[PDB]
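**Student:** Requesting a structural model of the entry that follows:
(one chain, ligands or ions: 1)
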Amino acid sequence: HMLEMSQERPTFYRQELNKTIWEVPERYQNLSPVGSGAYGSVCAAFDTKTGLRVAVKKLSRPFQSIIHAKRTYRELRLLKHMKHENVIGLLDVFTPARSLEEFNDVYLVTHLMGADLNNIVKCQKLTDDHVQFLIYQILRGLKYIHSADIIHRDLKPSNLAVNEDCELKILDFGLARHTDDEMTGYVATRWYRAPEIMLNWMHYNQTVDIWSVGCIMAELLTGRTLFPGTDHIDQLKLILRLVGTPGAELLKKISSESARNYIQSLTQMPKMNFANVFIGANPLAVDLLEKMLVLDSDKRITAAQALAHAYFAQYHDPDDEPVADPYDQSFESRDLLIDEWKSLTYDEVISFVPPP
Ligand SMILES: Cc1ccc(C(=O)NC2CC2)cc1-c1ccc2nc(NCCN3CCOCC3)ncc2c1
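**Tutor:** Numbers count the residues shown, from 1 in each chain. Sure, structure below:
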């Protein structure tokens, strides 16, 4: 039968990077800072053990408060669960600490991608075929992420990573941790989200993500941001001018009272002609967009339905658009202390088995 009686502890080494100390296993070499954020820093490196170029994220003060602690656990679980080509997955996760008492840091190793969707667009114009392959993968990814009952909630170009051969992976899904002041004003952060989730209407389903995919594809085709609004309200108006104002049907389904109340007061207007906005676009694309850009979430196309759309005919392969196992998110409805979230996280680290 054979069992592993004793696991060997790799030998780490320190070095200062990004004004912060990075202690990692000697397998990872040539660490170079590629970014930062309020969640932790990121370094590109070379994994001599696998010959792969990898991305390493060092969370910053992962257990400094219940809110942080729980999120640190949440991220580890999300990464551990995803195992699909178009979704960022966990290649390794380590901590220099030798025991739960010492435990303070968490490093998450993932694949490395040449760039995010922003960078690419600025570099050149993409062919109708490029858009097809690019959007096709986002949908393959979402199909998989959604099947494990997980919603992204914040899909946008900065979350989509691609590389030289046009291959894409989805990042930062299921995290939904943003303070309202970064989503205020003329900011690209709030230009790709569904109106329902932006102005907190009814509840939202997986289709919030399909609306985002709509805004991205529109952009890749036209070369311009579809709804570049200056604030939540201006943003909503730009959207309504194109898709039209709510209708009795969807209006009743809007759970929020103040919201429902404000929508009513808006002067009404019909759905514009999509062929006149996304011009010079493959006609099949225009059709897919009219099925992605619908105000009512109950009537928005799903990722699996969309893979079946004639536009992705050259890439659609049902015998190769995998689904995930269900994600067990019961922990999400718990209220534990920092040390309890930490302990759970610690367990998830020493129990991680490297992919084949
Ligand atoms: C490590 C990690 C851990 C976790 C998660 C994550 O999503 N967790 C959520 C799902 C649960 C993501 C990463 C991660 C982070 C940044 C990345 N950046 C690049 N692009 C670098 C090239 N650039 C482009 C911009 O300009 C400079 C150069 N490639 C791959 C990356 C992988």
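**Student:** Need phi/psi at the residue of the stretch 251-356 of the chain at minimum distance from the ligand.
**Tutor:** For the stretch 251-356 of the chain and the ligand, the shortest gap (CB to the nearest ligand atom) falls at residue 327, measuring 11.6 Å. For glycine as for every other residue, the C-beta is placed from the backbone atoms N, C-alpha and C. Reported as degrees, to the nearest 10, the phi and psi values for residue 327 are phi -90, psi 130.
**Student:** and the chain, which residues reach the ligand?
**Tutor:** For the chain, the contact set with the ligand under CB under 6 Å from any ligand atom comprises 34, 42, 55-57, 75, 78-79, 88, 108, 110, 112-113, 115-116, 161, 171-173, 175.
**Student:** follow-up on the earlier one: residue contacts, the residue of the stretch 251-356 of the chain closest to the ligand?
**Tutor:** By CB atoms under 8 Å, 6 or more residues apart in numbering, the residues touching residue 327 are 77-78, 81, 148-150.
**Student:** One more: residue 241?
**Tutor:** Per CB under 8 Å, 6+ apart, neighbours of residue 241: 269, 272.
**Student:** That one: helix or strand, and which one exactly?
**Tutor:** helix 232-243 (DSSP states H and E).
**Student:** can you check residue 225 too?
**Tutor:** Counting by DSSP H and E, residue 225 is part of no helix or strand.
**Student:** Isn't it up against residue 186?
**Tutor:** No - contact criterion CB atoms under 8 Å: residue 225 and residue 186 do not qualify, at 10.6 Å.
**Student:** So which residues make contact with the following helix or strand past the helix holding residue 241?
**Tutor:** Using DSSP H and E, the helix or strand that follows helix 232-243 towards the C-terminus is helix 248-252. With contact meaning CB under 8 Å, 6+ apart, helix 248-252 is reached by 260, 263-264, 295-296, 298.
**Student:** Helix 248-252: which residues count as buried?
**Tutor:** residue 250 (16 or more other CB atoms under 10 Å).
**Student:** for the protein, which helix is longest?
**Tutor:** helix 128-147 (DSSP state H).
**Student:** For that one, name the packing helices and strands.
**Tutor:** strand 168-170, helix 207-222, helix 303-307 (3 or more CB pairs under 8 Å, 6 or more residues apart in numbering; DSSP states H and E).
**Student:** Using CSV, write out every CA atom in stretch 18-26.
**Tutor:** Below are the C-alpha coordinates for stretch 18-26, written out as CSV (Å, rounded to 0.1, in the frame of the first residue of the first chain):
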residue,chain,number,x,y,z
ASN,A,18,9.4,45.4,-2.2
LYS,A,19,10.7,46.7,1.1
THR,A,20,9.4,43.4,2.6
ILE,A,21,11.2,40.2,3.6
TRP,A,22,10.6,37.2,1.4
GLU,A,23,11.4,33.8,2.8
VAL,A,24,10.7,31.1,0.2
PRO,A,25,11.9,27.5,-0.7
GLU,A,26,15.2,27.3,-2.6
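**Student:** thinking again about what came up before, list the contacts of the nearest residue to the residue of the stretch 251-356 of the chain closest to the ligand once chain neighbours are set aside.
**Tutor:** Nearest residue to residue 327, sequence neighbours excluded (CB to CB, 6 or more residues apart in numbering): residue 148, at 4.3 Å. Taking CB under 8 Å, 6+ apart, we find residue 148 in contact with 81-82, 323-327.
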